[PDB]
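Have a look at run.cif; it's mmCIF, C-alpha atoms:
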data_run
loop_
_atom_site.label_atom_id
_atom_site.label_comp_id
_atom_site.auth_asym_id
_atom_site.auth_seq_id
_atom_site.Cartn_x
_atom_site.Cartn_y
_atom_site.Cartn_z
CA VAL A 1 58.94 74.37 243.92
CA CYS A 2 55.39 74.07 242.55
CA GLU A 3 54.43 71.68 239.74
CA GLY A 4 55.35 73.11 236.37
CA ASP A 5 58.25 75.17 237.71
CA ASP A 6 61.96 74.36 237.31
CA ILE A 7 64.23 72.56 239.78
CA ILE A 8 67.64 74.21 239.73
CA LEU A 9 70.53 72.27 241.17
CA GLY A 10 74.22 72.97 241.24
CA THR A 11 77.33 73.37 243.31
CA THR A 12 79.87 76.08 243.86
CA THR A 13 82.99 74.03 244.49
CA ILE A 14 85.93 73.12 242.28
CA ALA A 15 86.73 69.56 241.38
CA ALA A 16 88.04 67.17 238.78
CA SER A 17 84.67 65.45 238.56
CA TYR A 18 81.17 65.88 239.92
CA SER A 19 78.54 63.19 240.43
CA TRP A 20 74.84 63.86 240.99
CA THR A 21 72.04 61.37 241.53
CA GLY A 22 68.37 61.72 242.34
CA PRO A 23 64.68 60.82 241.96
CA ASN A 24 63.05 59.77 238.71
CA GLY A 25 66.32 58.78 237.03
CA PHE A 26 68.17 62.04 237.62
CA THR A 27 71.91 62.01 237.09
CA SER A 28 74.66 64.48 236.11
CA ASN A 29 78.41 65.01 236.07
CA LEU A 30 78.40 68.83 235.98
CA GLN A 31 78.72 71.65 238.47
CA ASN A 32 75.45 72.89 237.12
CA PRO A 33 73.20 70.08 235.86
CA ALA A 34 70.55 70.94 233.36
CA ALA A 35 67.40 72.21 235.00
CA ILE A 36 64.60 69.76 235.53
CA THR A 37 61.93 71.63 233.69
CA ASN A 38 58.20 71.26 234.06
CA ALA A 39 58.83 69.60 237.41
CA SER A 40 56.30 67.07 238.63
CA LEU A 41 55.51 65.50 241.99
CA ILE A 42 57.47 62.44 240.80
CA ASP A 43 60.63 64.62 240.77
CA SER A 44 60.37 65.38 244.45
CA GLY A 45 62.84 63.75 246.77
CA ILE A 46 66.51 63.79 247.76
CA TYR A 47 69.14 64.92 245.30
CA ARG A 48 72.71 64.02 246.20
CA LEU A 49 76.20 65.12 245.30
CA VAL A 50 79.67 63.57 245.63
CA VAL A 51 82.78 65.40 244.42
CA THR A 52 86.13 63.99 243.23
CA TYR A 53 89.33 65.98 243.49
CA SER A 54 92.38 65.92 241.21
CA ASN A 55 94.40 64.32 243.99
CA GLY A 56 92.14 61.24 243.90
CA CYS A 57 90.27 62.06 247.09
CA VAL A 58 86.48 61.87 247.23
CA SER A 59 84.29 64.12 249.35
CA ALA A 60 81.37 63.11 251.51
CA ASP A 61 77.93 62.85 249.98
CA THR A 62 75.70 65.80 250.75
CA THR A 63 72.04 66.40 250.06
CA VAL A 64 69.42 68.80 248.78
CA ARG A 65 65.77 67.91 249.56
CA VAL A 66 63.35 69.25 246.91
CA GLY A 67 59.66 69.35 247.69
CA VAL A 68 57.13 69.81 244.93
CA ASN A 69 53.78 71.40 245.65
CA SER A 70 50.55 70.61 243.88
CA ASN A 71 48.63 73.35 242.15
CA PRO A 72 45.01 73.97 243.18
CA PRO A 73 42.41 72.04 241.14
CA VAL A 74 41.24 73.76 238.01
CA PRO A 75 38.15 75.73 239.07
CA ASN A 76 34.91 75.89 237.12
CA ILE A 77 33.62 79.49 236.86
CA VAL A 78 29.88 80.05 236.73
CA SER A 79 28.25 83.40 235.89
CA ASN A 80 24.71 84.75 236.24
CA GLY A 81 24.02 84.29 232.56
CA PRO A 82 22.72 87.02 230.22
CA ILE A 83 22.28 89.69 232.88
CA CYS A 84 20.58 93.04 232.03
CA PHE A 85 22.69 96.14 232.29
CA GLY A 86 22.41 97.67 235.71
CA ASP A 87 22.15 94.42 237.65
CA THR A 88 24.93 93.09 239.78
CA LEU A 89 27.32 90.73 238.00
CA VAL A 90 28.36 87.73 240.03
CA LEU A 91 31.09 85.31 239.10
CA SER A 92 31.75 82.34 241.33
CA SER A 93 33.16 78.86 241.65
CA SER A 94 32.65 75.82 243.87
CA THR A 95 36.38 75.19 244.11
CA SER A 96 37.87 76.22 247.41
CA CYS A 97 40.73 78.70 246.75
CA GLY A 98 42.63 80.88 249.23
CA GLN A 99 42.59 83.95 247.04
CA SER A 100 41.00 84.52 243.71
CA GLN A 101 42.32 86.84 241.08
CA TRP A 102 39.82 87.65 238.38
CA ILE A 103 40.95 88.49 234.91
CA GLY A 104 38.57 90.56 232.88
CA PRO A 105 39.12 92.60 229.72
CA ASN A 106 41.30 94.98 231.80
CA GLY A 107 43.24 92.27 233.65
CA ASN A 108 46.64 90.75 234.07
CA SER A 109 48.57 93.81 235.24
CA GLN A 110 49.46 95.53 238.54
CA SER A 111 47.52 98.67 237.68
CA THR A 112 44.29 96.64 237.61
CA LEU A 113 44.85 93.74 239.97
CA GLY A 114 45.59 95.83 243.01
CA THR A 115 46.08 94.74 246.63
CA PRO A 116 43.72 91.84 247.57
CA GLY A 117 40.74 92.17 249.86
CA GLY A 118 38.57 95.17 250.60
CA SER A 119 36.69 96.86 247.77
CA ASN A 120 38.64 95.09 245.03
CA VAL A 121 36.35 93.15 242.75
CA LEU A 122 39.23 91.64 240.82
CA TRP A 123 41.25 90.26 243.69
CA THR A 124 39.19 88.71 246.39
CA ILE A 125 39.87 86.51 249.37
CA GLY A 126 37.52 83.72 248.25
CA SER A 127 35.94 82.33 245.07
CA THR A 128 32.92 84.71 244.72
CA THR A 129 33.11 88.25 243.32
CA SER A 130 30.36 90.81 242.80
CA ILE A 131 30.76 93.62 240.27
CA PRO A 132 28.28 96.55 240.61
CA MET A 133 27.16 98.51 237.56
CA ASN A 134 29.14 101.50 238.78
CA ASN A 135 32.45 99.75 238.32
CA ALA A 136 35.14 100.06 235.70
CA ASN A 137 35.29 96.28 235.34
CA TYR A 138 31.55 95.72 234.74
CA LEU A 139 32.26 94.43 231.28
CA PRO A 140 31.06 91.67 228.93
CA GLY A 141 33.56 89.33 227.36
CA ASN A 142 35.93 86.52 228.26
CA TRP A 143 36.63 86.18 231.97
CA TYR A 144 38.86 83.75 233.79
CA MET A 145 40.01 83.17 237.34
CA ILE A 146 43.35 82.34 238.91
CA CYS A 147 43.28 80.38 242.21
CA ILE A 148 46.04 81.41 244.52
CA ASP A 149 47.28 79.15 247.27
CA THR A 150 48.13 81.49 250.14
CA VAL A 151 50.31 78.90 251.87
CA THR A 152 52.51 77.68 249.01
CA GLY A 153 52.26 80.43 246.39
CA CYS A 154 50.89 77.99 243.71
CA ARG A 155 48.50 79.15 240.98
CA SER A 156 45.86 77.37 238.92
CA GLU A 157 43.84 78.77 236.06
CA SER A 158 40.19 78.36 235.42
CA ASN A 159 37.93 77.79 232.55
CA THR A 160 36.80 80.60 230.37
CA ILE A 161 33.34 82.13 230.40
CA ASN A 162 31.67 84.59 228.06
CA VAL A 163 29.82 87.12 230.15
CA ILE A 164 26.90 88.73 228.37
CA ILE A 165 25.46 92.01 229.57
CA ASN A 166 22.34 93.08 227.68
CA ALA A 167 21.28 96.63 226.96
CA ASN A 168 18.04 98.09 228.27
CA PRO A 169 16.08 99.51 225.28
CA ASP A 170 15.54 103.28 225.10
CA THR A 171 12.42 104.91 226.45
CA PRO A 172 10.17 104.45 223.40
CA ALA A 173 8.41 107.33 221.76
CA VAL A 174 4.67 107.03 221.47
CA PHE A 175 2.56 108.93 218.96
CA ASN A 176 -1.16 109.09 218.26
CA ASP A 177 -3.71 110.37 215.72
CA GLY A 178 -4.28 113.70 217.39
CA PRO A 179 -7.48 115.12 218.78
CA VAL A 180 -10.47 112.79 218.58
CA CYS A 181 -14.18 113.63 219.14
CA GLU A 182 -15.87 112.29 222.25
CA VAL B 1 48.57 50.68 240.09
CA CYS B 2 45.76 51.32 237.57
CA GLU B 3 46.36 51.67 233.83
CA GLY B 4 47.60 55.12 232.95
CA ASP B 5 49.26 55.69 236.33
CA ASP B 6 53.01 55.57 237.06
CA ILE B 7 55.03 52.64 238.39
CA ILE B 8 57.62 53.95 240.82
CA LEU B 9 60.52 51.68 241.65
CA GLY B 10 63.64 52.27 243.65
CA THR B 11 65.83 51.17 246.50
CA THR B 12 67.15 52.75 249.65
CA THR B 13 70.49 51.00 249.99
CA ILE B 14 74.03 52.09 249.17
CA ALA B 15 76.12 50.31 246.60
CA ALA B 16 78.74 50.60 243.90
CA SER B 17 76.27 49.43 241.28
CA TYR B 18 72.59 48.61 241.01
CA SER B 19 70.91 46.28 238.53
CA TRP B 20 67.18 46.19 237.83
CA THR B 21 65.28 43.97 235.42
CA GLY B 22 61.61 43.47 234.68
CA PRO B 23 58.62 42.97 232.36
CA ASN B 24 58.29 44.53 228.92
CA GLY B 25 62.02 45.20 228.52
CA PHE B 26 62.52 47.10 231.76
CA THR B 27 66.08 47.61 232.93
CA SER B 28 68.05 50.13 235.01
CA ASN B 29 71.32 50.67 236.86
CA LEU B 30 70.12 53.38 239.28
CA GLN B 31 68.88 53.54 242.84
CA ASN B 32 65.84 55.24 241.45
CA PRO B 33 65.00 54.12 237.90
CA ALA B 34 62.94 56.41 235.78
CA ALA B 35 59.24 55.98 236.39
CA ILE B 36 57.33 53.79 234.00
CA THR B 37 54.76 56.30 232.95
CA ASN B 38 51.38 55.63 231.43
CA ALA B 39 51.64 52.09 232.76
CA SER B 40 49.82 49.36 230.87
CA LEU B 41 48.75 45.82 231.69
CA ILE B 42 51.81 44.64 229.74
CA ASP B 43 54.01 46.29 232.42
CA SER B 44 52.60 44.15 235.18
CA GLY B 45 54.79 41.44 236.61
CA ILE B 46 57.87 40.91 238.75
CA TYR B 47 60.54 43.57 238.98
CA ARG B 48 63.86 42.44 240.42
CA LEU B 49 66.93 43.99 241.96
CA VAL B 50 70.51 42.83 242.58
CA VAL B 51 73.07 45.08 244.25
CA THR B 52 76.88 45.11 243.93
CA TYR B 53 79.11 46.42 246.68
CA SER B 54 82.48 48.15 246.42
CA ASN B 55 84.14 45.12 247.98
CA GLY B 56 83.07 42.97 245.00
CA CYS B 57 80.30 41.16 246.83
CA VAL B 58 76.87 40.77 245.26
CA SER B 59 73.61 40.70 247.20
CA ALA B 60 70.71 38.33 246.75
CA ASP B 61 68.04 39.12 244.21
CA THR B 62 64.87 40.51 245.71
CA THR B 63 61.51 41.27 244.17
CA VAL B 64 58.68 43.75 243.85
CA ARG B 65 55.43 42.42 242.29
CA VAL B 66 53.46 45.16 240.47
CA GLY B 67 49.87 44.52 239.55
CA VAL B 68 48.11 46.73 237.05
CA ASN B 69 44.36 47.17 237.17
CA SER B 70 42.11 47.78 234.22
CA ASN B 71 39.92 50.83 234.11
CA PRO B 72 36.16 50.37 233.70
CA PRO B 73 34.92 50.41 230.08
CA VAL B 74 34.09 53.82 228.71
CA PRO B 75 30.38 54.29 229.43
CA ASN B 76 27.86 55.67 226.96
CA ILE B 77 25.60 58.29 228.61
CA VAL B 78 22.04 58.62 227.37
CA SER B 79 19.70 61.48 228.35
CA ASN B 80 15.94 62.01 228.02
CA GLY B 81 16.39 64.32 225.07
CA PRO B 82 14.93 67.85 224.81
CA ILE B 83 13.00 67.75 228.08
CA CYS B 84 10.60 70.61 229.02
CA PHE B 85 11.47 72.65 232.06
CA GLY B 86 9.86 71.22 235.14
CA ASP B 87 10.16 67.56 234.17
CA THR B 88 12.59 65.22 235.80
CA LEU B 89 15.97 64.97 234.09
CA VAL B 90 17.37 61.48 233.87
CA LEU B 91 20.87 60.59 232.81
CA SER B 92 21.85 56.95 232.58
CA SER B 93 24.17 54.37 231.10
CA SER B 94 24.10 50.66 230.35
CA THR B 95 27.65 50.20 231.59
CA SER B 96 27.85 48.59 235.00
CA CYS B 97 29.84 50.88 237.34
CA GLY B 98 30.25 50.68 241.12
CA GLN B 99 29.79 54.38 241.69
CA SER B 100 28.99 57.11 239.27
CA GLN B 101 30.13 60.66 239.63
CA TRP B 102 28.27 63.07 237.40
CA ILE B 103 29.92 66.21 236.17
CA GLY B 104 27.60 69.01 235.25
CA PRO B 105 28.25 72.72 234.77
CA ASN B 106 28.95 72.95 238.53
CA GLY B 107 31.13 69.82 238.75
CA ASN B 108 34.60 68.61 239.41
CA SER B 109 35.10 69.94 242.93
CA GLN B 110 34.53 68.78 246.53
CA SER B 111 31.97 71.50 247.23
CA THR B 112 29.68 70.02 244.56
CA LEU B 113 30.53 66.33 244.42
CA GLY B 114 29.76 65.61 248.03
CA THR B 115 29.64 62.27 249.85
CA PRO B 116 28.17 59.48 247.62
CA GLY B 117 24.76 57.94 248.10
CA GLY B 118 21.64 59.39 249.64
CA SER B 119 20.10 62.52 248.16
CA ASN B 120 23.14 63.36 246.04
CA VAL B 121 22.24 63.58 242.38
CA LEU B 122 25.85 64.05 241.32
CA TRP B 123 27.40 61.10 243.09
CA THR B 124 25.33 57.99 242.99
CA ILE B 125 25.89 54.35 243.75
CA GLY B 126 24.93 53.14 240.27
CA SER B 127 24.74 54.41 236.68
CA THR B 128 21.31 56.19 236.77
CA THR B 129 20.71 59.66 238.25
CA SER B 130 17.50 61.68 238.47
CA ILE B 131 17.62 65.46 238.83
CA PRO B 132 14.33 67.14 239.94
CA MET B 133 13.46 70.65 238.80
CA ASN B 134 14.01 71.92 242.33
CA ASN B 135 17.70 71.17 242.24
CA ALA B 136 20.73 73.39 241.84
CA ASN B 137 22.15 71.05 239.22
CA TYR B 138 19.07 70.95 236.95
CA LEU B 139 21.01 72.58 234.18
CA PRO B 140 21.39 72.33 230.39
CA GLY B 141 24.82 71.95 228.87
CA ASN B 142 27.64 69.45 228.59
CA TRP B 143 27.46 66.57 231.03
CA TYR B 144 29.80 63.66 231.52
CA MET B 145 30.14 60.75 233.90
CA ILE B 146 33.05 59.17 235.73
CA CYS B 147 32.79 55.43 236.54
CA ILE B 148 34.39 54.58 239.82
CA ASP B 149 35.55 51.08 240.62
CA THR B 150 34.85 50.66 244.33
CA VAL B 151 37.23 47.72 244.65
CA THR B 152 40.35 49.02 242.91
CA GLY B 153 39.90 52.81 242.91
CA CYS B 154 40.12 53.01 239.04
CA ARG B 155 38.25 55.69 237.07
CA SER B 156 36.93 55.84 233.52
CA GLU B 157 35.36 58.78 231.77
CA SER B 158 32.32 58.81 229.61
CA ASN B 159 31.17 60.41 226.48
CA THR B 160 29.80 63.88 226.45
CA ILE B 161 26.14 64.77 226.06
CA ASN B 162 24.43 68.09 225.47
CA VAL B 163 21.40 68.25 227.71
CA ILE B 164 18.67 70.53 226.43
CA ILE B 165 16.00 71.88 228.75
CA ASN B 166 13.29 73.85 226.96
CA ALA B 167 11.37 76.78 228.38
CA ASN B 168 7.62 76.72 228.86
CA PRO B 169 6.13 79.77 227.05
CA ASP B 170 4.48 82.48 229.18
CA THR B 171 0.77 82.50 229.84
CA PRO B 172 -0.36 84.30 226.66
CA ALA B 173 -2.47 87.41 226.77
CA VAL B 174 -5.72 87.26 224.87
CA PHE B 175 -7.62 90.29 223.64
CA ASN B 176 -10.89 90.76 221.79
CA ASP B 177 -12.98 93.37 219.94
CA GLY B 178 -14.98 94.44 222.95
CA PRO B 179 -18.71 94.29 223.47
CA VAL B 180 -20.65 92.71 220.61
CA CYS B 181 -24.44 92.73 220.02
CA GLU B 182 -26.35 89.49 220.46
#
For this file, write the structure as structure tokens.
Amino acid sequence: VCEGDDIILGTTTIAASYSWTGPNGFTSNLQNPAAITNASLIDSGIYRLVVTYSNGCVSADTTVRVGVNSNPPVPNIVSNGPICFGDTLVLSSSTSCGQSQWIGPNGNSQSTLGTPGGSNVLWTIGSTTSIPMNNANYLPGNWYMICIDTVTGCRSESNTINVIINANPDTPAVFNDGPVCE
Amino acid sequence: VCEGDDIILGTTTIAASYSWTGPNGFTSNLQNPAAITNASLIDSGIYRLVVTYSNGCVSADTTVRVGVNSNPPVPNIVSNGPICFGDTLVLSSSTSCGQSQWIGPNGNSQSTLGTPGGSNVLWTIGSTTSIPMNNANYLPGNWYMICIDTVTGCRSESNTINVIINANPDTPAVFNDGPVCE
């Protein structure tokens, strides 16, 4: 499991009494002990179960070994600052992440965050993404990043940045006083 | 352990009953007592364990001695104030710290906070750091400092300062009324 997720333990057998023990004070007498929610690295270890039958016989102790994975460090996103419209928008971070899923004003759904890699500015295979002006996601507003661990499946969310894209003023009109003598 | 960290106790043997005692009211009857979280100096001391077997025999009391280290005092960071761009930025503190890890807008990751000492403005071997204008980290914004105890491994975070770097105005254009008679 990855930190913050739930550790689900339980058995499928039938008995007069159940006895569970484990790491960080864990204990239970049920077939399905309450989930260990918001699991931490301290909860990793060996969970064990012994079962007592109505005939007074006691079964052999068996085990479940639960590993807990760390999430990637919280990344710090840095933008190019108050970029002028038409210039390439670059969002990056110094934190090393396997994959990086960028959440813009259009984010957090499968119709936007399509298959990673290739020409996909919102789901890259490293921490830096470049968004051209001719791109649906070239938008100002609050951006964040999710670091994806490609080995464990763990995710860690970033800080939030306000991307500012400035407008280029219109071609100005220029007028004069009309014909003038030499 | 260092204050704020967790004290993890437990045994590896098999018994009918376990009995733990310790400092600050600690007691448990498990093979793996709940962690003492957010450990304080008051939790330091001798933890002890006695184990009872199913045959009625009781083992000898053994010990674990847990020391708890203090964190460095919270340092007060002082900057040079509203420095003009191009001048050297100095961040310092009166608190004596073994190493000092500076967190700027690019901080808190291994790609930024590289090996301490030498030409590394973000990870020094004392409380004062100087950032030249020709440096990636010469940035305005919210800075903090982490004091690192090089003997115990303990860390203590600082206060937060807003560093202001002012722009130098552009070379002004100057115009006049054109040719004038003597």
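Matched in the shown structure by the PyMOL selection byres ((chain A) within 6 of (chain B)): residues 23, 24, 25, 94 and 95 of chain A.
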Box time for region 141-157 of chain B: axis-aligned, enclosing all its listed atoms, 3 Å extra on each side; report centre and edge lengths in Å to one decimal, as AutoDock Vina command-line options.
--center_x 32.6 --center_y 59.8 --center_z 236.6 --size_x 21.5 --size_y 30.2 --size_z 22.1
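Among the candidates B:160, B:148, B:129, B:138, the one nearest to residue 83 (chain B) when counting only C-alpha atoms is B:138.
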Contact residues around residue 76 (chain A) with only C-alpha atoms at 7 Å, ignoring same-chain residues under 4 positions, as number ranges by chain: A: 93, 158-159; B: 106
Could you write out as a ChimeraX atom specification the residues that the PyMOL selection byres ((chain A and resi 98) around 7) matches in the shown file? /A:96-97,99-100,125-126,148-150
Residues returned when the PyMOL selection byres ((chain A and resi 142) around 9) runs on this file, as a VMD selection string: chain A and resid 103 to 105 140 to 141 143 to 144 160 to 163
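Reported to one decimal place, the separation of CA of residue 101 (chain A) from CA of residue 123 (chain A) is 4.4 Å.
Of the listed residues B:64, B:151, B:174, B:90, the one whose atoms come nearest to residue 122 (chain B) is B:90, with distances taken using all atoms listed in the file.
Nearest residue to residue 133 (chain B), choosing from B:78, B:49, B:89, B:180 and counting all atoms listed in the file: B:89.
Put simply, CA of residue 132 (chain B) is 10.0 Å away from CA of residue 85 (chain B).
Our summary of the geometry notes that CA of residue 117 (chain B) is positioned 12.6 Å from CA of residue 130 (chain B).
With all atoms listed in the file as the atoms that count, the minimum distance from residue 40 (chain A) to the choices A:17, A:71, A:63, A:156 is reached by A:71.
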